[PDB]
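So here's one chain in two forms, each on its own in structure tokens, numbered structure 1 and structure 2.
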Structure 1
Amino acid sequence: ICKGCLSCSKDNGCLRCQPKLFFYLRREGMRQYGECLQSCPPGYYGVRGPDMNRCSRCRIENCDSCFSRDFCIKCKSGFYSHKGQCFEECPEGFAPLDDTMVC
């Protein structure tokens, strides 16, 4: 393994990444180790911090691509896009737009 690492230990995997890539903490049982990725894996989005770039998990019910922690760009098939979030049915206050699937 150990691809993209600036430095790489046996026990922790990657520790720092090469300049352009993304740090990702793979949990695999008791283990957790570094991977340095081109782009973030499915279920994750990236954040280009000043110090380092890294992946974070989505956590938006019914999202398919997170952009940020609180913003979804592509909701699931069958779902309404509202202030970032995804809704089976569009919450009270406002209702679906004709020809569009937003609210």
Structure 2
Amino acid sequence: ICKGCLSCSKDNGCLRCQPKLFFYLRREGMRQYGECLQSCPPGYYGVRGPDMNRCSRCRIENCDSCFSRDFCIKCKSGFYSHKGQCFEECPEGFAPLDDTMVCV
């Protein structure tokens, strides 16, 4: 009924996931239902909490895959990571490397 849960609520769904899974929120009714996932969806990154791990929307431009809120571990194929972000051309002060895609 709630899957991979440790406390399950008729209406808001799972409120505490089993240690290995990722809490994911979504709409059921106007309410927010909570799930417990194997890994996160797409556009979502893992977040190791002290109580529980949870999924969170990646909000970096041109980022294939976040690592934290402000830090992209993978920029869109063909894009220059710099200071967490992913950029078209390196900004004033910086330039790429010997085939890295990283501003200096």
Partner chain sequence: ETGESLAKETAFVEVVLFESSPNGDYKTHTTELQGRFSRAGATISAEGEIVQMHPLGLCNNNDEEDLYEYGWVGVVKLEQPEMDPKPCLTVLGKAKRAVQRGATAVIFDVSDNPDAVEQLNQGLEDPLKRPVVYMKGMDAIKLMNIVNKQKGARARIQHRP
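If you superpose the two forms and keep the largest set of C-alpha atoms that fall within 1.5 Å, you have the rigid core. FYI, numbering is relative to structure 1, first residue = 1.
Name the structure that is the form solved in complex with the partner chain; the other one isn't.
The form solved in complex with the partner chain is the one given as structure 1; the other form is structure 2.
Does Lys20 count as moved between structure 1 and structure 2, where moved means a C-alpha shift of 2 angstroms or more after fitting the rigid core?
No; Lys20 is a residue whose C-alpha shifts by less than 2 Å between structure 1 and structure 2 when the cores are overlaid.
Examine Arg31 after superposing the rigid core and state whether its CA is displaced by 2 Å or more between structure 1 and structure 2.
Yes.
With the core fitted, just quote the Cα shift at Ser81 between structure 1 and structure 2, in angstrom to one decimal.
Reported C-alpha shift between structure 1 and structure 2: 1.1 Å at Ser81.
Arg69: how big is its Cα shift between structure 1 and structure 2, in Å, with the core superposed?
Residue shift at the C-alpha: 0.7 Å.
After superposition on the rigid core, what is the displacement of the C-alpha atom of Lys10 between structure 1 and structure 2, in Å?
So the C-alpha of this residue moves 4.3 Å.
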